[PDB]
Each structure stands twice: as C-alpha cells, then as structure tokens.
$ cat data_25.txt   # compact mmCIF, C-alpha atoms and all ligand atoms
# COMPACT_ATOMS: atom_id res chain seq x y z
CA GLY A 68 95.60 -6.01 3.92
CA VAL A 69 91.87 -5.80 3.21
CA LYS A 70 90.84 -5.20 6.85
CA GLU A 71 89.43 -1.75 7.78
CA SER A 72 89.65 -0.88 4.08
CA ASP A 73 86.94 1.18 2.38
CA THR A 74 88.94 3.08 -0.31
CA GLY A 75 91.20 2.55 -3.28
CA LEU A 76 94.18 2.42 -0.89
CA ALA A 77 96.14 5.14 -2.68
CA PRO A 78 94.57 8.47 -1.63
CA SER A 79 93.94 7.06 1.87
CA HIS A 80 97.67 7.09 2.71
CA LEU A 81 97.72 10.90 2.49
CA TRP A 82 94.31 11.06 4.16
CA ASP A 83 95.91 9.11 7.03
CA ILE A 84 98.32 11.97 7.81
CA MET A 85 95.53 14.56 7.44
CA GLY A 86 93.31 12.83 10.00
CA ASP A 87 96.06 12.98 12.64
CA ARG A 88 95.90 16.79 12.53
CA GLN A 89 92.10 16.83 12.86
CA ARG A 90 92.11 14.36 15.77
CA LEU A 91 94.52 16.67 17.64
CA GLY A 92 92.35 19.71 16.87
CA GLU A 93 89.02 20.24 18.63
CA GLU A 94 86.96 21.27 15.64
CA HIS A 95 85.39 18.04 16.90
CA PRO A 96 83.76 16.72 18.92
CA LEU A 97 81.16 19.50 19.17
CA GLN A 98 78.05 18.32 21.04
CA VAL A 99 75.00 19.40 19.00
CA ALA A 100 72.34 21.33 20.90
CA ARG A 101 69.64 23.92 20.20
CA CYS A 102 68.86 27.39 21.52
CA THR A 103 65.63 27.95 23.48
CA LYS A 104 65.86 31.65 24.41
CA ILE A 105 68.29 34.48 23.66
CA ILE A 106 68.89 36.58 26.78
CA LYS A 107 70.37 40.01 26.08
CA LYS A 144 73.81 34.92 27.10
CA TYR A 145 71.77 32.02 25.79
CA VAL A 146 69.62 29.22 27.15
CA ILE A 147 70.87 26.04 25.49
CA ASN A 148 69.34 22.58 25.67
CA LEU A 149 71.43 19.45 25.17
CA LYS A 150 69.93 16.26 23.74
CA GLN A 151 70.76 14.27 26.89
CA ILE A 152 68.25 16.68 28.47
CA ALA A 153 70.04 19.06 30.81
CA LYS A 154 69.91 22.85 30.32
CA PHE A 155 72.77 25.35 30.47
CA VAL A 156 73.35 29.09 30.26
CA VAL A 157 76.42 29.63 28.06
CA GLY A 158 78.52 32.53 26.83
CA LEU A 159 79.91 33.22 23.36
CA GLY A 160 82.57 31.85 21.07
CA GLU A 161 85.50 33.81 19.69
CA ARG A 162 84.72 32.28 16.29
CA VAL A 163 81.37 33.97 15.74
CA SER A 164 79.49 37.25 15.98
CA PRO A 165 76.32 37.32 18.13
CA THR A 166 74.39 38.51 15.07
CA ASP A 167 74.34 34.96 13.63
CA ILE A 168 72.81 33.20 16.65
CA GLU A 169 69.05 32.99 16.21
CA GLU A 170 65.95 31.58 17.87
CA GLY A 171 65.56 27.79 17.94
CA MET A 172 68.76 27.38 15.91
CA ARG A 173 70.94 24.30 16.13
CA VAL A 174 74.39 25.14 17.62
CA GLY A 175 77.46 23.06 18.47
CA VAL A 176 78.91 23.45 22.00
CA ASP A 177 82.18 22.46 23.59
CA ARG A 178 82.71 18.89 24.84
CA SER A 179 83.74 20.31 28.19
CA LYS A 180 82.60 23.65 29.66
CA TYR A 181 79.73 24.29 27.27
CA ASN A 182 80.32 27.32 25.06
CA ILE A 183 78.66 28.17 21.70
CA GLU A 184 81.05 27.52 18.81
CA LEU A 185 79.46 27.23 15.34
CA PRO A 186 75.89 27.87 14.07
CA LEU A 187 74.47 24.98 12.05
CA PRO A 188 71.76 24.72 9.40
CA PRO A 189 68.36 23.93 10.94
CA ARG A 190 65.89 21.01 10.64
CA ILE A 191 66.32 17.36 11.80
CA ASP A 192 63.20 16.06 10.00
CA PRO A 193 64.99 16.10 6.59
CA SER A 194 65.29 12.34 6.03
CA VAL A 195 62.03 11.72 4.19
CA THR A 196 61.53 15.15 2.57
CA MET A 197 65.22 15.41 1.74
CA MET A 198 64.82 12.19 -0.29
CA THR A 199 62.52 13.85 -2.73
CA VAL A 200 64.78 16.72 -3.88
CA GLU A 201 64.95 15.58 -7.47
CA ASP B 164 58.83 27.31 24.36
CA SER B 165 60.89 28.50 21.38
CA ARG B 166 57.92 28.11 19.01
CA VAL B 167 55.91 30.62 21.02
CA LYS B 168 58.75 33.12 20.57
CA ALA B 169 58.76 32.62 16.80
CA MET B 170 54.99 33.20 16.81
CA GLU B 171 55.26 36.71 18.30
CA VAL B 172 54.84 39.81 16.15
CA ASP B 173 57.59 40.21 13.55
CA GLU B 174 55.52 43.14 12.10
CA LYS B 175 52.80 42.34 9.50
CA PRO B 176 53.13 44.61 6.41
CA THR B 177 51.00 47.79 6.62
CA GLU B 178 47.73 46.92 4.96
CA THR B 179 45.68 49.90 6.23
CA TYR B 180 41.89 49.63 6.32
CA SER B 181 41.82 51.42 2.95
CA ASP B 182 43.22 48.31 1.23
CA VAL B 183 40.49 46.09 2.63
CA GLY B 184 37.97 46.70 -0.12
CA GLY B 185 34.30 47.14 0.69
CA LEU B 186 33.18 45.44 3.84
CA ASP B 187 32.42 48.57 5.90
CA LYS B 188 30.03 47.13 8.49
CA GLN B 189 32.38 44.22 9.22
CA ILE B 190 35.33 46.55 9.98
CA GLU B 191 33.22 48.64 12.33
CA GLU B 192 32.01 45.62 14.27
CA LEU B 193 35.48 44.16 14.75
CA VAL B 194 37.07 47.33 15.98
CA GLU B 195 34.14 47.67 18.42
CA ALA B 196 34.94 44.22 19.84
CA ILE B 197 38.77 44.11 19.83
CA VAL B 198 40.27 47.56 19.48
CA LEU B 199 38.18 49.65 21.83
CA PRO B 200 38.44 47.64 25.11
CA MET B 201 42.22 48.09 24.83
CA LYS B 202 42.52 51.80 24.08
CA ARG B 203 39.18 53.22 25.32
CA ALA B 204 39.22 50.94 28.42
CA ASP B 205 37.98 53.72 30.75
CA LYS B 206 34.60 54.13 29.00
CA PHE B 207 33.71 50.46 29.55
CA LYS B 208 34.80 50.51 33.21
CA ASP B 209 32.48 53.41 34.04
CA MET B 210 29.61 51.81 32.11
CA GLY B 211 30.03 48.65 34.23
CA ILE B 212 29.96 46.05 31.43
CA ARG B 213 32.71 43.46 31.03
CA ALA B 214 34.90 43.59 27.94
CA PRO B 215 34.07 41.30 24.99
CA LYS B 216 36.56 38.44 25.08
CA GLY B 217 36.86 37.44 21.42
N1 LIG C 1 37.18 42.26 0.41
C1 LIG C 1 38.38 42.24 -0.18
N2 LIG C 1 38.99 43.33 -0.63
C2 LIG C 1 40.19 43.27 -1.22
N3 LIG C 1 40.89 42.14 -1.41
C3 LIG C 1 40.39 40.98 -1.00
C4 LIG C 1 39.08 40.97 -0.35
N4 LIG C 1 38.80 39.71 -0.05
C5 LIG C 1 39.85 38.97 -0.46
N5 LIG C 1 40.80 39.73 -1.03
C6 LIG C 1 42.07 39.22 -1.59
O1 LIG C 1 42.06 37.78 -1.55
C7 LIG C 1 43.24 37.27 -0.93
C8 LIG C 1 42.99 35.97 -0.17
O2 LIG C 1 42.01 36.16 0.86
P1 LIG C 1 42.00 35.26 2.19
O3 LIG C 1 43.29 34.50 2.23
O4 LIG C 1 41.64 36.15 3.36
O5 LIG C 1 40.81 34.21 2.02
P2 LIG C 1 40.06 33.63 3.33
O6 LIG C 1 38.66 34.20 3.34
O7 LIG C 1 40.97 33.90 4.51
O8 LIG C 1 39.96 32.03 3.04
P3 LIG C 1 39.96 30.81 4.13
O9 LIG C 1 38.59 30.17 3.98
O10 LIG C 1 41.07 29.87 3.71
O11 LIG C 1 40.18 31.46 5.48
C9 LIG C 1 43.73 38.41 -0.04
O12 LIG C 1 45.15 38.41 0.08
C10 LIG C 1 43.22 39.67 -0.72
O13 LIG C 1 44.22 40.28 -1.54
$ encode --input "data_25.txt" --output "structure tokens" --more "lines below"
Ligand SMILES: Nc1ncnc2c1ncn2[C@@H]1O[C@H](COP(=O)(O)OP(=O)(O)OP(=O)(O)O)[C@@H](O)[C@H]1O
Amino acid sequence: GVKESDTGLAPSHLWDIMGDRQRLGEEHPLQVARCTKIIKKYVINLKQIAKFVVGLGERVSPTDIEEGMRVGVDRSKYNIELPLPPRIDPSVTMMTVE
Amino acid sequence: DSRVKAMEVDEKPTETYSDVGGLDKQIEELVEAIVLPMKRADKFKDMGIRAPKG
C-alpha cells in the first residue's frame, strides 16, 4: 500500500485491533488543565481560558491532587480524572539530560 | 495566584536563636523592629508611635 504507513507493516495489524478498543474507551480525550486553588472541590483553569469548579473522579484519592498541578478533565462535564507530572517548560532543559 | 499559595509558610525547620552563632546586637535589633509590634502591640499604641514597617 505505502499510504498512511509508518511501521514495518507486521506488528501494526495487531495494533489496528488494539486501537479500536482505545477509541471506544474514554481514557482519551482528556482536556489538560491546571489547578489554581484547592477548596476544602477545586478551581480548575482550562487552556482556552474559562474557569470551572469541579468535583472528584472515582479513579483517584483526593490526597494526590496538589497545588498548581496539571490534571486531565473530562471532554464533557468537567471532572478531575488523572493527575499528571508537572512542568511545560521541559523542551529546552529536557534536551540536556545526558 | 497559585504561586502565592506555594510561597506561604510550609514550616521552616526550627533553627532557634541559639544556633545563630554570635551576632547578639543584631538579633536584639530585629526582634525590636519585627516581633514586638505584633505581640506587644498594646505598648506601642499607648506610647503613640507608629509601628516600624520593615
Ligand atoms: N553567624 C553565623 N553563625 C552560624 N552559622 C552561620 C553564621 N553565618 C553564616 N552561617 C552559616 O553559613 C550558611 C550560609 O549563610 P547565608 O546563606 O545566610 O549567607 P548570606 O549572608 O545570606 O549570603 P547572601 O549575600 O547570598 O545573602 C548558613 O546556612 C549558616 O549555617
């Protein structure tokens, strides 16, 4: 075929059936946001600049949600799903980890 | 801002003034300027003076 190919076209057949199960599941998309204030409830800010007060996901304890932390929220009614590792600057200083 | 909240006190490890070596007259003069107008705030109000600001 050699159109929309980027692999050895042998492990991508099996990968093709695996991606159908991930497309049906909503592990993604998760819109990436960041916390601004924990309210003993959270004050989330989206990147498209519009702020929301959200609840809590059934995936995670509230112990793991911290100040300023990057968090993924639902595509629809915004709810905190998964904590993420911080820092968006890493793209010059990540290049020098030897 | 979220950076202000990270700046708040997370508790700085107990130094105690005994582990600042020497420097006696400096300690005195700081605690005169910062510490007292918080705790002993009634003795400045009766005296009439304003409280040192920094
Ligand atoms: N008078 C002192 N008694 C005991 N330890 C001291 C004394 N002065 C300095 N030290 C030791 O030196 C270390 C470094 O001091 P410090 O970082 O305060 O320097 P500085 O005067 O703040 O320098 P800068 O010009 O960068 O502000 C301290 O952690 C402390 O252990």
$ interface_residues --input "data_25.txt" --of "chain B" --to "chain A" --cutoff "8 Å" --atoms "all atoms listed in the file" --output "NGL selection string"
:B and (164-166 or 168-169)
$ residues_near_ligand --input "data_25.txt" --ligand "ligand LIG 1 (chain C)" --cutoff "12 Å" --atoms "all atoms listed in the file" --output "list in words"
residues 176, 178, 179, 180, 181, 182, 183, 184, 185, 186, 187, 188, 189 and 190 of chain B
$ closest_residue --input "data_25.txt" --among "A:159, A:200, A:69, A:91" --to "residue 146 (chain A)" --atoms "all atoms listed in the file"
A:159
$ residues_near_point --input "data_25.txt" --point "(79.3, 23.0, 14.4)" --cutoff "12 Å" --atoms "only C-alpha atoms" --output "PyMOL selection string"
chain A and resi 93-101+160+162-163+172-178+182-189
$ axis_aligned_box --input "data_25.txt" --around "region 173-188 of chain B" --padding-each-side "3 Å" --output "AutoDock Vina command-line options"
--center_x 43.8 --center_y 45.8 --center_z 6.7 --size_x 33.6 --size_y 17.2 --size_z 19.7
$ residues_around --input "data_25.txt" --residues "residue 213 (chain B)" --least-positions-apart "5" --cutoff "10 Å" --atoms "all atoms listed in the file" --output "list in words"
residues 200, 207 and 208 of chain B
$ closest_residue --input "data_25.txt" --among "A:180, A:198, A:74, A:193" --to "residue 155 (chain A)" --atoms "all atoms listed in the file"
A:180
$ decode --input "data_25.txt" --residues "chain B" --atoms "C-alpha atoms" --output "mmCIF file, in the first residue's frame"
data_model
loop_
_atom_site.group_PDB
_atom_site.id
_atom_site.type_symbol
_atom_site.label_atom_id
_atom_site.label_comp_id
_atom_site.auth_asym_id
_atom_site.auth_seq_id
_atom_site.Cartn_x
_atom_site.Cartn_y
_atom_site.Cartn_z
ATOM 1 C CA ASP B 164 -2.424 33.203 42.091
ATOM 2 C CA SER B 165 -1.219 29.637 42.669
ATOM 3 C CA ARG B 166 2.395 30.792 43.103
ATOM 4 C CA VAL B 167 1.423 32.949 46.062
ATOM 5 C CA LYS B 168 -0.096 29.848 47.699
ATOM 6 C CA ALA B 169 3.119 27.877 47.213
ATOM 7 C CA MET B 170 5.030 30.771 48.797
ATOM 8 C CA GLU B 171 3.117 30.581 52.100
ATOM 9 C CA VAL B 172 4.673 29.026 55.194
ATOM 10 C CA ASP B 173 5.320 25.291 54.830
ATOM 11 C CA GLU B 174 7.189 25.477 58.204
ATOM 12 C CA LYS B 175 10.926 26.408 58.170
ATOM 13 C CA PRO B 176 12.984 23.912 60.263
ATOM 14 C CA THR B 177 13.467 25.013 63.903
ATOM 15 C CA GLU B 178 16.719 26.924 63.953
ATOM 16 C CA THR B 179 16.308 28.586 67.381
ATOM 17 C CA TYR B 180 18.289 31.731 68.153
ATOM 18 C CA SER B 181 20.871 29.522 69.893
ATOM 19 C CA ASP B 182 22.018 28.153 66.511
ATOM 20 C CA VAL B 183 22.640 31.624 65.124
ATOM 21 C CA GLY B 184 26.176 31.982 66.392
ATOM 22 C CA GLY B 185 27.393 35.269 67.812
ATOM 23 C CA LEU B 186 25.619 38.299 66.482
ATOM 24 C CA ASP B 187 23.843 39.331 69.706
ATOM 25 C CA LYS B 188 23.170 43.005 68.976
ATOM 26 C CA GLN B 189 21.748 42.187 65.535
ATOM 27 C CA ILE B 190 19.199 39.718 66.981
ATOM 28 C CA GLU B 191 18.050 42.230 69.563
ATOM 29 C CA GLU B 192 17.523 44.961 66.993
ATOM 30 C CA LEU B 193 15.493 42.780 64.638
ATOM 31 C CA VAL B 194 13.156 41.462 67.265
ATOM 32 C CA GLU B 195 12.630 45.078 68.387
ATOM 33 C CA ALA B 196 11.540 46.012 64.858
ATOM 34 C CA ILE B 197 9.521 42.958 63.702
ATOM 35 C CA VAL B 198 8.499 40.779 66.622
ATOM 36 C CA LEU B 199 7.336 43.282 69.202
ATOM 37 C CA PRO B 200 4.767 45.342 67.202
ATOM 38 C CA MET B 201 2.928 42.055 66.603
ATOM 39 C CA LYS B 202 2.833 40.551 70.095
ATOM 40 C CA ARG B 203 3.364 43.600 72.366
ATOM 41 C CA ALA B 204 1.104 45.794 70.172
ATOM 42 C CA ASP B 205 -0.592 47.442 73.185
ATOM 43 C CA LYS B 206 2.600 49.098 74.499
ATOM 44 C CA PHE B 207 3.163 50.948 71.203
ATOM 45 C CA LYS B 208 -0.474 52.087 70.963
ATOM 46 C CA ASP B 209 -0.358 53.747 74.383
ATOM 47 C CA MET B 210 3.018 55.343 73.625
ATOM 48 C CA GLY B 211 1.501 56.897 70.471
ATOM 49 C CA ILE B 212 4.252 55.998 67.988
ATOM 50 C CA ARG B 213 3.511 54.167 64.742
ATOM 51 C CA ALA B 214 4.901 50.670 64.266
ATOM 52 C CA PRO B 215 8.143 50.215 62.287
ATOM 53 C CA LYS B 216 7.163 48.924 58.855
ATOM 54 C CA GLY B 217 10.207 46.883 57.813
#
